[PDB]
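In: In their complex positions, the first chains:
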Amino acid sequence: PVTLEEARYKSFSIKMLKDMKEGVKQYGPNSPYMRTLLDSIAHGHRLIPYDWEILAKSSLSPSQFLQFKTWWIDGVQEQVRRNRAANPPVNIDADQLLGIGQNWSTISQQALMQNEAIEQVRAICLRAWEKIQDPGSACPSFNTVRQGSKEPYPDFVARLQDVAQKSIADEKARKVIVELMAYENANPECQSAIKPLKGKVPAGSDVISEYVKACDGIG
Amino acid sequence: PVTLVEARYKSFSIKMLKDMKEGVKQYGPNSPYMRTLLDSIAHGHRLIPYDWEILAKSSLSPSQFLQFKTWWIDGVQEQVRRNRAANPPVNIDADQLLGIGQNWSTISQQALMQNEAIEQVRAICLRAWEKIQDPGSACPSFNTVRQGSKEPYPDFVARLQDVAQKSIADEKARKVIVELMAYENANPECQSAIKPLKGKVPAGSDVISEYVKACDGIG
Amino acid sequence: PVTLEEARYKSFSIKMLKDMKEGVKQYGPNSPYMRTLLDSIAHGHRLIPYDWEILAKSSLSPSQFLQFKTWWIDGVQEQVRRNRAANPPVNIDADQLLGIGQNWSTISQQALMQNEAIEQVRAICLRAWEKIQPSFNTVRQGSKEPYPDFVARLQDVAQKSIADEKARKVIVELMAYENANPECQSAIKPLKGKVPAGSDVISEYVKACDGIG
């Protein structure tokens, strides 16, 4: 990170990388413990585009690093598209968010980065990180995920919320699809207990909270 | 190792060799955690060849050690060949880059070297470390590695970037070979999905990070 | 145990001493790891033989310590011969190299021992450590075995049961040429006999037998 006294760079401690690689190998890079460690490290310091590549190469398996770099590129493409239609078009070009080129390829140039580019790249890398699968499987579709019988109900909502966290871009459009896909793919006998479905939902109480409160008895 | 008007010697800690041995035993000497620890050691110190000898003794298996030593010899052969064709050819002989012979056999001899010999031997040892094979098996050719059905495409490109790092010496030759071997040797299906591509590569992008996006939902 | 412009003695720190015992019990005292770690311990500091006694006694089983002490005695007895015949004869006597006697049995006496004795005793003890403890011909490079793993196994057994370096450095390359896989055995025959500069023979056999997987 940097420290601004003006603006010198020091590398990571070794102890942070050690338990970072420990946690990534043990729990998988989307279990929420690592997810809340990562933004804690991100907000507790002041990161640069050179540092994220160091941490990602040091932590993930070699197969996953290409996926992380791919969704980094796909994020910065949409970011540099949306950053030109503003008023004024704010001067943050593409290459400064990747740390390459004739002016941002090394450390001593990148230590002078202003706050707005940091606030870009933090959100872009954090959006990027959760598009990384467990190293055995590929992300399926909503038509495939459907709970059977003899199985507890909230595990189904957990799996469906994980898939909808992966494959949906906007968080409001994420928030809409989940509860109706949870209703539409449940068990038969549980679904009857949810048959009110509307008008038992006042404004303010979160709707996905009430559904499990219906189906807690069936085990 | 060596600090600096006069130069005095120091050794390694016992803990750094301890977790070095632990890491090489657990993860494999080309898994990128060790590969980003080792250059973090190297670029932040001053490594005389005796300390490279200590790091080679104390960490690898018995079978890996002569595998390291042979490619050390075969690298320093070509380096002392290319040193003689310069203008003027720099007077850094063979045995200053191996630590043997009556001129460079003790620590007090080696402590008084120049920066050029250090910055040559660093690149030589780091080049030598990469072609250490895994203690399971030996490296195959290029025509052996082909993904089959029911296999994620980033795993295939991970294995292909792994095999081409050992054989081919230069870097630009690697970054020419890997995408031709990627586009050829793939599964048939998303072969089609990259068939309209090679259309363009925009500014702020490589080429290999497009195929992995285009073959994302196929497994 | 450094001078600092005066002689200053300091003990071993307790973590450095502690890790050595797990290092010995995990692999063994002639494993490559502990041997090179010991060599990197030695050349970085000044090792008064009292500290060598501490580091020896604090890291082995009692039988291995007995073997180390007796081969230390043998080595200093052999070296005090060749410390005489050179001209001028150096005054390096046996009590200076064992920490015993009326003028070498305290820390302040050994704290001013000069460099030539240190460079002698280091080559004594690292020679001593190697010897801490009968069929040969049953080594065969099998089917689909990589060649550099074969030369390591034959490097192992020839160390154990020939017990002389001037002999066993000649038996190996004779045995390395004979006992290989046949399909790469003919790939060595051009390099047979001829030698390049800057290397020995078994460094050059591995050059010509890489992609034979």
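Out: Looks like it came in fine. Numbering: from 1, shown residues only, chains lettered A, B, ... in the order given.

In: Run the chain-centre distance for the longest helix along chain A.
Out: Scanning chain A for the helix with the most residues, using DSSP state H, yields helix A:62-82. Offset of helix A:62-82 from its chain centre (CA atoms, centre = their mean, to the nearest Å): 13 Å.

In: measure residue A:162 to chain B for me?
Out: Using CB to the nearest CB, to the nearest Å, one gets 17 Å for the distance from residue A:162 to chain B. Any C-beta I mention is one placed from the backbone N, CA and C, and that applies to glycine too.

In: Now do residue A:162: how many residues are near it, please.
Out: Per other CB atoms under 10 Å in any protein chain shown, the neighbour tally for residue A:162 reads 14.

In: contacting residues around it?
Out: residue A:30 (CB atoms under 8 Å, 6 or more residues apart in numbering or on different chains).

In: before we move on, which element is it in?
Out: Assessed by DSSP states H and E, residue A:162 sits inside helix A:153-167.

In: quick one: buried residues of that helix?
Out: A:153, A:156-157, A:160-161, A:163-164 (16 or more other CB atoms under 10 Å in any protein chain shown).

In: slot chain D in:
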Amino acid sequence: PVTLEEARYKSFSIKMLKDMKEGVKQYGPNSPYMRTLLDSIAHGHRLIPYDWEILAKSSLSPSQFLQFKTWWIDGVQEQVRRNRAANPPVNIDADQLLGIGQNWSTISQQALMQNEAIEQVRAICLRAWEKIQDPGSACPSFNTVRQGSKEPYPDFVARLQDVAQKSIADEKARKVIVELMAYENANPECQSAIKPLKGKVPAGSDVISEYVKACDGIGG
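Out: Adding chain D to what we have so far:
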């Protein structure tokens, strides 16, 4: 071609069309004889895009003309992109190349081009001629070109170098892939007789020469 120094366009004689047509028919349009004829035609004269269209319609199969025109289009497509990214920018655009447009449709319009677009279209059209497919079949990929049994080395390396000439643009990328692939797809006998010489430049020569010098006598 056009000459400036009585400066007008002259249409070349019918015997040039004659031996051009025989040369493209009997040998193939990427045999080295047609290669060394075409550049000796091109450099000693001054060609307009109408002349290239005349010669290409006059001395090819219809399928060859069809394959020629489209890689000509693609060459103009790349040259237009690499035009404007120079400082100061140059006034070379698309319809100045293809011989169409309201300002470049007739012969008297395009006949008055100076010495830059002529060089650019001479750079493009020759590469497009080089990309023209053999009348036999389509250009295959690098893994079905493999020296089987009973086949000699010094035409298998040429069949390799042909496909490495078509599908890769810059020649510094062409060298290393053919130097690598000349070994990996080889028959086992030349493999065994070529692995002692792997990765050594002996004296003042390329690698392919001593490669083919090694396993000469393999035809049994």
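
In: re the thing from before, helices and strands around the longest helix of chain A, which ones?
Out: When contacts are defined as 3 or more CB pairs under 8 Å, 6 or more residues apart in numbering or on different chains; DSSP states H and E, helix A:62-82 sits against helix A:49-59, helix A:115-129, helix B:153-167, helix B:208-214.

In: what sits up against the second one?
Out: Pointing back at helix A:115-129 there. Contacts for helix A:115-129 (CB under 8 Å, 6+ apart): A:29, A:38-39, A:42, A:46-49, A:52, A:68, A:71-72, A:75-76, A:79, A:90, A:92, A:96-97.

In: Residue A:50: how many residues sit nearby?
Out: Residue A:50 has 16 nearby residues by other CB under 10 Å.

In: Then residue A:184?
Out: By other CB under 10 Å, neighbour count at residue A:184 equals 10.

In: What of residue A:107?
Out: For residue A:107, the count of nearby residues is 14 (other CB under 10 Å).

In: which residues touch it?
Out: By CB under 8 Å, 6+ apart, residue A:107 lies in contact with A:9, A:48, A:50.

In: let's put chain E on the structure above:
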Amino acid sequence: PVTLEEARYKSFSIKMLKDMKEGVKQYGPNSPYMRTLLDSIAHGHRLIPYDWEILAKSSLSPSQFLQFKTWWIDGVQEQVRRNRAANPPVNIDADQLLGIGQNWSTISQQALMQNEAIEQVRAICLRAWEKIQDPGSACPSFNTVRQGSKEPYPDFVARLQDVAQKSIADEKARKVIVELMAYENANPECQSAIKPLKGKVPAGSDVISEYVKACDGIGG
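Out: Chain E added:
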């Protein structure tokens, strides 16, 4: 060629490359007609290694050009020895023959060479051209070529002389090998017709003239 009028240099015509390529295509690379035409060029002018490179690459198959370059490379490693093996050694190095290096890699450097160098490159270029193969076979050794049953004996001795023209450097041994192999590998019919005629010179006739004279009428 060079005309020597600071000198002058030119490329070839158009017609000469045309019938050169036609002759090497439709008959072979070392058929006698192409052989004497190449001797007529190689003595009637003064050639430069760049011109040899042009006349090679313009008029061979893409296969055979690598073989030409290969024996051109291995023909200079003897001249490097035998230019310093005699006393006094002449000043001819490796890079002057192949036209490469920093001192001989253009026309204006190579335009002013000396006559013994041109003679050495003429000898080594002709000896290079002789060792070129056909289209798609490999030249065998002597122990596999034999006369077939119901085969005309001059064809068999022509194939023997063609094989012995390649694999043996000196031409004096080419006399004494092929006639001794003629009686050896022949058919039993020509053997029975030839056995009284072992080694007899009547008057001024070489031995290969009489064997075909004796085994002429074989029509069974």
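
In: once more on the neighbour count of residue A:162, with chain E this time?
Out: The number of residues packed near residue A:162 is 14, by other CB under 10 Å.

In: Would you confirm that residue A:57 contacts residue A:68?
Out: No. With contact defined as CB atoms under 8 Å, residue A:57 does not count as touching residue A:68 (9.3 Å).

In: of the two, who's got more company?
Out: residue A:68 (21 against 16).

In: what's the neighbour count on residue A:71?
Out: For residue A:71, the tally of surrounding residues (other CB under 10 Å) stands at 22.

In: ok, now which ones touch it?
Out: Applying CB under 8 Å, 6+ apart, the residues near residue A:71 are A:127-128, A:131-132.

In: 6 Å instead, please
Out: Residues in contact with residue A:71, defined by CB atoms under 6 Å, 6 or more residues apart in numbering or on different chains, are A:128, A:131.

In: Kindly provide the distance from the residue of chain A found nearest chain E to chain D.
Out: With CB to the nearest CB as the measure, residue A:102 is the residue of chain A nearest to chain E, at 34.1 Å. For residue A:102, the distance to chain D equals 15 Å [CB to the nearest CB].

In: Would you map out the domains in chain A?
Out: For chain A, curated CATH domains gives the domain ranges A:1-138, A:139-219.

In: Nothing else from me, thank you.
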